[PDB]
Amino acid sequence: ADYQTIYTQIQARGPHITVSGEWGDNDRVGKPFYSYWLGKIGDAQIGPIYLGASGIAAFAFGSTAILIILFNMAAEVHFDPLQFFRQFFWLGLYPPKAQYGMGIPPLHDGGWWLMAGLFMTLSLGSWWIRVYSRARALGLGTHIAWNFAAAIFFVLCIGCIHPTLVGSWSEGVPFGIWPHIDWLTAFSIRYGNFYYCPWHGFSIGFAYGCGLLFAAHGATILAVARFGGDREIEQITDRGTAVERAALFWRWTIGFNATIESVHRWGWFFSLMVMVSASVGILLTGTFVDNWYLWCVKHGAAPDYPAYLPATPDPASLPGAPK
Amino acid sequence: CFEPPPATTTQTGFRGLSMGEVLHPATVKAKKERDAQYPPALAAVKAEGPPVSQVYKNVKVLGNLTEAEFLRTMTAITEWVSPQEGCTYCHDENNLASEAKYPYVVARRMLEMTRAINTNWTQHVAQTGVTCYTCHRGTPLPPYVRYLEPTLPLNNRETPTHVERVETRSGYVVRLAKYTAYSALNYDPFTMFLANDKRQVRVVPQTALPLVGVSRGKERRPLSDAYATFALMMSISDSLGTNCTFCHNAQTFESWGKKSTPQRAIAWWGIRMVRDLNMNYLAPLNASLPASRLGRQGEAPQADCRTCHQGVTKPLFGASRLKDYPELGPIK
Amino acid sequence: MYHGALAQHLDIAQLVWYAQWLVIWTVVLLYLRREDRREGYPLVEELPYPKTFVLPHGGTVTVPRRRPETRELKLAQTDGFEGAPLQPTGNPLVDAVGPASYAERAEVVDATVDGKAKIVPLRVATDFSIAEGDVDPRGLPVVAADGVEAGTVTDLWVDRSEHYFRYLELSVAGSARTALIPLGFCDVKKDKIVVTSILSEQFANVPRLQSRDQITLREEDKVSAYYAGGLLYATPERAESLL
Amino acid sequence: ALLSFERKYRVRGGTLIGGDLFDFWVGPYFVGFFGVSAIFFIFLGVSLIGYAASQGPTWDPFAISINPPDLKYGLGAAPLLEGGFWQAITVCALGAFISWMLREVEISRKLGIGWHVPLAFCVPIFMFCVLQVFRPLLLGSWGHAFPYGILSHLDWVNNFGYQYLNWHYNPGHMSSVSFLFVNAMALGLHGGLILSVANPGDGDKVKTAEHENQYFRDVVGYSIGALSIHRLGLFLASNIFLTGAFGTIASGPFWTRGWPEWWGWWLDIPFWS
Ligand code: BCB
Ligand code: BCB
Ligand code: BCB
Ligand SMILES: C/C=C1\c2cc3[nH]c4c(c3C)C(=O)[C@H](C(=O)OC)c4c3nc(cc4[nH]c(cc(n2)[C@@H]1C)c(C(C)=O)c4C)[C@@H](C)[C@@H]3CCC(=O)OC/C=C(\C)CCC[C@H](C)CCC[C@H](C)CCCC(C)C
Ligand SMILES: CC(C)=CCC/C(C)=C/CC/C(C)=C/CC/C(C)=C/CC/C(C)=C/CC/C(C)=C/CC/C(C)=C/CC1=C(C)C(=O)c2ccccc2C1=O
Ligand code: HEC
Ligand code: HEC
Ligand code: HEC
Ligand code: HEC
Ligand SMILES: [Fe+2]
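Protein chains in written order, with the authors' numbering: chain M, 1 to 323; chain C, 1 to 332; chain H, 1 to 45, 61 to 258; chain L, 1 to 273.
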């Protein structure tokens, strides 16, 4: 039983390695350090981080958004610090409650929300430029940034795209712990049970698959760690017994297998698709589908159960019943 | 943090839909002993005699009752409303025909209200009906009432903290939260839905696709409406000490027929009946009540689902005094 | 009139549903599953145009590999069945078959980013050290499956690219040679090193390295495989069923 | 029938029980005893689903549902038609799952690799037992288990949830959901990094392990390392269920109220109340 896959027994300590980017080598900041405990279940080196214009930008607009959200939250408890620590999970900054169409809503009723949302978009837009540029600098592919952009796209979908397409800012997600969680039920109910939106189904099936694939993949690498399976880059360019035993494990189990390069394509795809499926489902909701349950009832998909308790007429249809 | 097993579960849906009540037996009991306190029906009396419209001086409601039946009604009323204070709470000790004290005039309107509930609302209250006790439980001010803003504690026989008090702005969110089963839902569902009939609870479309002319822009109902309806349901659920599957199949909250239960239709009359009591009987009592009973906006205390149900799907577990006290309803 | 309804009994959401299913199965069957066939294809006993990797330290490599020599495999047929297992002819550990098999990797040393040897001992790695608090194995005895002292640790071999220990070098007692072992096969203790994968006698037959202070990709496999082959081939009991 | 490098590994042994009698291949698949006990439990599992589906009103795969019994049946045998089938299917499913798990142990021994995948496959099996066996055992009836339908099982999850008003406030759920999100986030990163190092674009050279590290050091100021991420990914995936199971099994046997109210313990502490 390999104890190395549980934890690093003996730790190495060497001089710090610095891969030179095509620009911004001057923009690395900080003297690195080492945590003995972290180096037991990971790499011991902490730092240094890279600065850059796109990094600072994300920290500037991200802080501005956060400061706005926190200020309106503090406001909600009439600026009582003890009642801030206490009620924090329940506190939020809300989209307009009143309908103003697409017109810029009052600062008291969604203005600060829309402005906190703009700076979050600028922050998100900035960090992506950092995830992208840092890859080009080190001569790498932009695979990470395109997966990141898909996730940003989903945020923009539920944040500002859907409110725009249906024509009401009131539809967007509140800022807050419970509050943004409360939107999920508001949104589902309004559009007739998200369990009957096919793209939710796809999104879940990919998220569920992401659990499978990473559990499976991670366990596979750990299973072949004794042959240096963890050195994946050189296992792709020069097939080692590690990924042979790995490929054969699956080919004897499930009947088909991947290569060590392609399983990272299976996982990259399945991740991306979570967000793509999610994005499409939102885009279709409100614009083209109003009640996903009745949309399923139309195309004959929704299951039917008999009555346990007796069939109950809608009393608003009975003769002489109030409005 | 937690509650020890076993649990008490029922079934309200087709096997394997996970529909039904989840109850903690010890809590169900803690309620049962509290609802058992209900005073037993006073022994029936001599039917023969002259009506109290002739016998007495100032009887505007119970005039068709004989004196013997009339004083039995008064005693019963005294048990349910002010048993610590006795007859003197509404009455001038020297003059029982005088309207000096406000609980008198309020009680006559209460008498009219109680008779309305049993007569015009059997769609909800059925053959069980209500008495003065259903709400009051032995105190002039009923334990669970509602003002035009959320107040704490929900049981006004308990002392609130400074934070729980309505003057303290910093407890507003918590005041709001405890009325909606501890949610963060930023809506007062009482003043929105039960204080009057101005708003519509239903928010889900009954068509698969978006209907042209109400699906875009200012023609739309804001998403807030969905949040608020949800708020009401958390409140309704906590009020009766139950859950969603007691009245809905979550598959589709909007659909009736097999997807709803008979309890949902009964609940539907509940909303109509609560609205009727608030607008026509309870809110107009502000002019007859002293300010110490009124809210900050000059309103009188009004009722919700909790007022009668107090954590139980049937108020006092379906205990009735309908036959024993027929003068309180129904009225032919 | 509705938003999104089309001709007949068809709506937009219905169309995108199909387009979704097609997109997925397109990529699954025509892309992702073809990328799976870049190793071990074509089959023996729907192909992608070969992929060329431009290596970090000079040269290029096209997959899958075809070796100018096929290695003879000392395995005998058990049955005449198509998918019948194979029983070893000779000594399966030194022959290197089954769990003892090694891949035909390049006889080159794994390289660090700047061009130095990646897997080296601590006698060369003079700016590398064992972290304070951890057990320095150098000098502790190495005890095998039978409970017999097979050798003494002499050095550690560090991966300079990741700063991670990958091998233990031990002298095999009475056999005037050293052997490498993966740390995966080493239960590191304060007083000894426990190795259950192979018996005490088998250590002498661990694959030897061409050079003392460096190790090729193929060598790294030969060594690693050897011990894993032991997990099935140490005693005659380790092959049969457990119950 | 074989990969260009497969022949050498196709050796006898590694079996837990059976010896030579079950140790063989049928195509790419490995058999063994647990493959036999799998195909049996699968065959008996799928043959009964179809027999119950014929007696059902529909054959539309989205609408079909084989439901467990009513709550009155408790832990006893139900009428085959009125919940009995469901009980027979469960035994088959569990019989096939465990068989499938142990079969992977046989393949791991032969390949001389760790038993990590079959050990990681247990965690799903455990969550299946949580929903179908352990919770219905704690609540008194098999009627609390989810139905076997494509769309109907969603309807069970829906109702189950709303039985506690707002399941999002369930702290076991929050834990579970966060892992789902972070593990799908993690996978995209690990897949994206490896691909970026091997496929830099145009005529650019393949990069190294130092490049991997420098990227995550630059972007987030920390790098976990090549092996570590595969350990983290198993941990992050395994904790979708391992923590979730606690939020599932408390709902009912250990907690009856709404899940938001549970956060009263925090909100109702006297000195800030
Ligand atoms: C408490 C949590 C529950 C839940 C909540 C849930 C939700 C909210 C949603 C699903 C969805 C799905 N679930 Mg479900 N689920 C499923 C399977 C399914 C699929 C029908 C579907 C796709 C998920 C996916 O791709 O995963 C990842 C696995 C992958 C990608 C590998 C491929 C698996 C393959 C697609 C599964 C096909 C199963 C078939 C019915 C075949 C059954 C075998 C036959 C031959 C007898 C199984 C087999 C089980 C078991 C055995 O426990 C299960 C348990 C549960 N689900 C729990 C009860 N599930 C999604 C759906 O849209 O359903 C209609 C969905 O939105
Ligand atoms: C009543 C409640 C329902 C509901 C309501 C719901 C809604 C309204 C929506 C979903 C959606 C989804 N639901 Mg779902 N749901 C899901 C799972 C899912 C996801 C697969 C999917 C996408 C969510 C996501 O991944 O975002 C997580 C990832 C995000 C949010 C991206 C973050 C990345 C970002 C770029 C980084 C930003 C972070 C910054 C650092 C922060 C800085 C900001 C500062 C300024 C404050 C499961 C597994 C179940 C089960 C088991 O029942 C379920 C049931 C329900 N959902 C109930 C039916 N669900 C989404 C969907 O797919 O719709 C079609 C969706 O829109
Ligand atoms: C009203 C609905 C609510 C709800 C109700 C709910 C309930 C009741 C339960 C969950 C649970 C969970 N919810 Mg959910 N939920 C989730 C996500 C999740 C999961 C993280 C978590 C665990 C899922 C599970 O146990 O799978 C189970 C899947 C299993 C066990 C897979 C079976 C594997 C099997 C052995 C293999 C299958 C073999 C096939 C037959 C083979 C196929 C062969 C083919 C290929 C030929 C998200 C992300 C959201 C969002 C975004 O809103 C959400 C909202 C909601 N949940 C709503 C608020 N949720 C679970 C939880 O942990 O609660 C705390 C849970 O019990
Ligand atoms: C972190 C934990 C994650 C995780 C991890 C891992 N997952 C693994 C491994 C690891 C490590 C592998 O070793 C193994 C494998 O080899 O894969 C390549 C496996 C597997 N995971 C599968 C499905 C899967 N993983 C899910 C979830 C997670 N996995 C979570 C996220 C989900 C969800 C959530 O829906 C599904 C559907 C199968 C493909 C496979 C076994 C099938 C089987 O044993 O074959 C044999 C069985 C059959 C072929 C059919 C059986 C028929 C029965 C008798 C009758 C059917 C009744 C049934 C109950 C009907 C209900 C359906 C209804 C609800 C609609
Ligand atoms: C014909 C007959 C009856 C024969 C008898 C023999 C017998 C017992 C046969 C079994 C019969 C059965 C039940 C067969 C069905 C097999 C099953 C369960 C198939 C399900 C397959 C599915 C849908 C899996 C979903 C997971 C998924 C996304 C897989 C695609 C990606 C792949 C191939 C992942 C596997 C994989 C992973 C996870 C790696 O980490 C890895 C690392 C390095 C190299 C290769 C790999 C690799 O191939
Ligand atoms: C407030 C809740 C009351 C309590 C407690 C008691 N009484 Fe009462 N009294 C009340 C009302 C609303 C009325 C008029 C009813 C109507 O139909 O209009 C009365 C009237 C009487 C009378 C008749 C006096 C007269 O009009 O001449 C009597 C004799 C009387 N009440 C007796 C009585 C006794 C003995 C009580 C204590 C047990 C008692 N009442 C309680 C309001 C309330
Ligand atoms: C019975 C006592 C109920 C319980 C428990 C819950 N709800 Fe309900 N719901 C009930 C009624 C009588 C009505 C109709 C009100 C009217 O005046 O028309 C509703 C309505 C809803 C709706 C709106 C459906 C629509 O037609 O648009 C939703 C979305 C809803 N209810 C959800 C819901 C939830 C989430 C509950 C749990 C907290 C819940 N309801 C409890 C009766 C009852
Ligand atoms: C007091 C005047 C009441 C108020 C205010 C509300 N309800 Fe009620 N309800 C009342 C009685 C006396 C009964 C018993 C009738 C019976 O069937 O025995 C009920 C009953 C219900 C039920 C049905 C309970 C069951 O079938 O087990 C429901 C679902 C119900 N009530 C809901 C409900 C709601 C949602 C209310 C607020 C809008 C509400 N009730 C108010 C008396 C009173
Ligand atoms: C529930 C609804 C009921 C029922 C069935 C009865 N009453 Fe009342 N009552 C109710 C409310 C919401 C209020 C307003 C708050 C308040 O003023 O206490 C009242 C008030 C009274 C009072 C005045 C008490 C006081 O403030 O001094 C009296 C005297 C009274 N009610 C009497 C009464 C009688 C005699 C009833 C039966 C016929 C009766 N109530 C029924 C709510 C409800
Ligand atoms: Fe990997």
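In this text, a Cβ means the ideal position worked out from N, Cα and C, and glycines have one as well.
key: heavy atom of ligand 10 below 7 Å from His116 of chain L C-beta   = no
request  = Compute the distance between the beta-carbons of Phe206 of chain M and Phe270 of chain M, then report whether it is under 8 Å.
outcome  = yes
query = Going along chain H, which residues have a C-beta under 7 Å from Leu284 of chain M?
reply = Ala13 and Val16
ask   = Quick one: what does DSSP say residue 410 of chain M is sitting in, helix, strand or coil?
value = Residue 410 of chain M cannot be examined here, being either before or after the span of chain M that is shown, 1 to 323.
request  = Could you tell me which chain L residues have their CB closer than 8 Å to the CB of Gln84 of chain C, listed as they occur along the chain?
outcome  = Those do not exist, as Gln84 of chain C stays about 29 Å from chain L at its closest Cβ, beyond 8 Å.
task = Can you check DSSP and say which residues form a bridge with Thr67 of chain H?
result = H:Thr77
query = CB-CB under 6 Å to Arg253 of chain H, same chain, minus the five flanking residues each way: which ones, in chain order?
reply = Counting only Cβ-Cβ distances below 6 Å, and skipping sequence neighbours, we find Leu247.
request  = Report yes or no: do the stretch 141-149 of chain C and the stretch 288-306 of chain C share at least 3 C-beta pairs separated by less than 8 Å?
outcome  = yes
query = Grouping DSSP H, G and I as helix and E and B as strand, with all else coil, what is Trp25 of chain L?
reply = Here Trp25 of chain L sits in strand by DSSP.
ask   = So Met273 of chain C packs on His136 of chain C, CB below 8 Å; how close in whole Å?
value = Wrong, their Cβ atoms sit about 18 Å apart, outside the cutoff.
query = Is it the case that the Cβ atoms of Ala38 of chain L and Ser99 of chain L are separated by a distance below 8 Å?
reply = Against a cut-off of 8 Å, the Cβ pair of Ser99 of chain L and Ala38 of chain L comes out as a contact.
query = Considering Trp17 of chain H, what are the terminal residues of the alpha helix (DSSP H) in which it resides?
reply = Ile12 to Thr26
request  = For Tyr242 of chain H, write down the residues that DSSP places opposite it in a beta bridge.
outcome  = For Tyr242 of chain H, which the question treats as bridged, DSSP gives no partner whatsoever.
request  = Please report the residue range of the beta strand (DSSP E) in which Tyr182 of chain H lies.
outcome  = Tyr179 to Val187
inquiry  = Which of the three DSSP states is assigned to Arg233 of chain H in this structure?
reply    = helix
query = Quick one, which residues of the stretch 186-209 of chain M are near chain H if we go by CB-CB under 8 Å, in chain order?
reply = Residues of the stretch 186-209 of chain M with a Cβ closer than 8 Å to any Cβ of chain H, in chain order: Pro198, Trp199 and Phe202.
inquiry  = Would you say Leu240 of chain C lies against chain L (beta-carbon separation less than 8 Å)?
reply    = Residue contact check for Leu240 of chain C against chain L: no CB pair falls below 8 Å.
key: Spatial neighbours of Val31 of chain L in its chain, beta-carbon cut-off 8 Å, leaving aside the 5 residues before and after   = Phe22, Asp23, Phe24 and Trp25
key: Residues of the stretch 297-315 of chain M whose Cβ lies closer than 9 Å to any Cβ of chain C, in chain order   = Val297, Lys298, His299, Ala302, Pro303, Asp304, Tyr305, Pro306, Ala307, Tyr308, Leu309, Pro310, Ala311, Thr312, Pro313, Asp314 and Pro315
request  = State yes or no: is the beta carbon of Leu111 of chain C nearer than 8 Å to at least one beta carbon in chain H?
outcome  = no
ask   = What number of angstroms, rounded off, separates the C-alpha of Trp295 of chain M from the C-alpha of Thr64 of chain M?
value = Going from the Cα of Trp295 of chain M to the Cα of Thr64 of chain M covers about 42 Å.
request  = Note the first and the last residue of the continuous alpha helix (DSSP H) segment covering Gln123 of chain C.
outcome  = Run containing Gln123 of chain C: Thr122 to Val125, per the alpha helix (DSSP H) assignment.
task = Look up residue 333 of chain C in the DSSP assignment and give the residues it is bridged to.
result = Here chain C covers residues 1 to 332 and nothing more, so residue 333 of chain C does not appear.
key: Pocket of ligand 1 defined by Cβ to heavy atom distance under 6 Å   = M:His200, M:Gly201, M:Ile204, M:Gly205, M:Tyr208, M:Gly209, M:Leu212, L:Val46, L:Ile49, L:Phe128, L:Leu131, L:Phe146, L:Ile150, L:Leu151, L:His153, L:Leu154 and L:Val157
inquiry  = Between the alpha carbons of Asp202 of chain H and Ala219 of chain H, how many angstroms are there, rounded?
reply    = 20 Å
message = For a test of the three-state rule: what should DSSP assign to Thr119 of chain C, helix, strand or coil?
response = Reduced to three states, the DSSP call for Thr119 of chain C is helix.
query = What are the residues of the stretch 201-212 of chain C that lie near chain H, defined by any Cβ-Cβ distance shorter than 9 Å?
reply = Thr207, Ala208, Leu209, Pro210, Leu211 and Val212
query = Roughly how many whole angstroms lie between the Cα atoms of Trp112 of chain M and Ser170 of chain C?
reply = Looking at the backbone, the Cα of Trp112 of chain M and that of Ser170 of chain C are separated by about 21 Å.
ask   = What does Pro106 of chain M touch in chain C if you count any residue whose Cβ is under 7 Å from its own?
value = Near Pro106 of chain M there are no residues of chain C at all, since even the closest Cβ is about 14 Å away, more than 7 Å.
inquiry  = Quick check: does the Cβ of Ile240 of chain L come within less than 7 Å of any heavy atom belonging to ligand 10?
reply    = no
inquiry  = Quick check on this structure: which residue in H:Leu258, H:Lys237, H:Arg138 and H:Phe143 has the alpha carbon closest to the alpha carbon of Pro107 of chain H?
reply    = H:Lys237
task = Measure the CB-CB distance between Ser54 of chain M and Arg130 of chain M and report whether it falls below 8 Å.
result = yes
ask   = Using a threshold of 7 Å, is the CB atom of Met120 of chain M nearer than that to any non-hydrogen atom of ligand 2?
value = At least one heavy atom of ligand 2 is nearer than 7 Å to the Cβ of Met120 of chain M, so yes.
ask   = If you drop the 5 nearest sequence neighbours on each side, which residues of the same chain put their C-beta closer than 8 Å to that of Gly27 of chain L?
value = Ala1
key: Classification of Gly13 of chain L by the beta-carbon crowding that lies within 10 angstroms, buried from 16 upward   = buried
ask   = Is the CB of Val145 of chain C under 8 Å away from at least one CB in chain L?
value = Closer than 8 Å: no.
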